[PDB]
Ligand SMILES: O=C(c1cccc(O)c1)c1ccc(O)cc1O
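First, one chain by itself: the form solved without the named molecule, in structure tokens.
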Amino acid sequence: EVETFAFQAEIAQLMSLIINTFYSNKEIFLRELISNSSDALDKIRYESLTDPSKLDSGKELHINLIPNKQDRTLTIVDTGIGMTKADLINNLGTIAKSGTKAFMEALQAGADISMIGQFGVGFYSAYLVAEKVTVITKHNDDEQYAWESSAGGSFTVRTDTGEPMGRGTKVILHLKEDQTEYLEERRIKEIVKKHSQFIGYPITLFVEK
């Protein structure tokens, strides 16, 4: 059972901007996703200080980067606080409203796309390299859900039937045909060292066999 929702007008405008403009410095998407994962891990770790039972769904706090040349996907996995159904559908997009408007004002005040993180909307930089993004997420207070969008103004949310995650979020990037360099080991390493050398959680690169 799948529900289809329309993106808020300003978010749909940002994604169409991100997809259609010519911007060569596409590697910043990984920094933004890793920084988002760091925030999610900070939140569960902070909450667990007053409630250790919040870690019953997993004590490990880490980030895994998993390229797959066969499927042409790059997957970013964190064991952070995860996302509820209301987060996926309403609350997060409501908070991103002001940032998207301001980010688009800044895009005419000099700023470029690489500053997307300073407006709290860095996640949508995934569409610099991805034609489709799938988000599997599990929050302690909700079921496992699957969010998906190929942009174009709509996204879907459904209960996920696949492998249970425990807790956290999995961002699956279905890369565009010309963006397969982000499946390469030495390319991901160079990006992580340059942009995320100061993340307070272990970032593990899964190399393919």
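Residues that one form lacks are left out of the comparison. Basically, rigid core = biggest C-alpha set you can superpose within 1.5 Å across the two forms. When you see a residue number, it is the position in the sequence shown, counting from 1.
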Do the CA atoms of 94 to 102 or those of 81 to 89 have the higher mean B-factor in the entry?
94 to 102
Quick one: say whether 41 to 49 or 156 to 164 has the higher mean Cα B-factor in the deposited entry.
156 to 164
Residue of maximum C-alpha B factor among 136, 111, 74, 133, per deposited coordinates:
111
Split into thirds by Cα B-factor across the chain's modelled residues, where does residue 203 land: lowest, middle or highest?
lowest
Going by the entry, which third of its chain does the Cα temperature factor of residue 32 land in?
lowest
Based on the entry's values, in what third of the chain does the Cα temperature factor of residue 142 lie: lowest, middle or highest?
middle
What third of the chain does residue 115 rank in for C-alpha temperature factor, lowest, middle or highest?
highest
How does residue 128 rank on Cα B-factor within its chain, lowest, middle or highest third?
middle
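If you look for the form deposited with the named molecule bound, you will not find it shown, but the lines that follow are about it.
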Could you confirm whether residue 36 comes within 4.5 Å of the named molecule in the bound PDB entry, counting heavy atoms only?
yes
My question is simply whether residue 74 lines the interface with the named molecule in the bound PDB entry - judged by any non-hydrogen atom within 4.5 Å.
no
So in the bound PDB entry, does residue 175 come within 4.5 Å of the named molecule, heavy atom to heavy atom?
no
So in the bound PDB entry, does residue 61 come within 4.5 Å of the named molecule, heavy atom to heavy atom?
no
At a 4.5 angstroms cut-off on non-hydrogen atoms, which residues of 63 to 90 are near the named molecule in the bound PDB entry? List them in order.
78, 81, 82, 83
Choose, among 73, 91, 98, 118, the residue with a C-alpha displacement of 2 Å or more between this form and the one not shown when the rigid core is used for superposition.
91
Given a change of 3 Å or more, say if the Cα atoms of residue 51 and residue 91 sit closer or farther in the bound PDB entry than in this form.
farther
Which is it in the bound PDB entry for the CA atoms of residue 94 and residue 199, closer or farther than here, knowing they shift by 3 Å or more?
closer
Could you list, in sequence order, the stretches of three or more consecutive residues moving 2 angstroms or more at Cα between this form and the one not shown on a rigid core superposition?
90 to 94
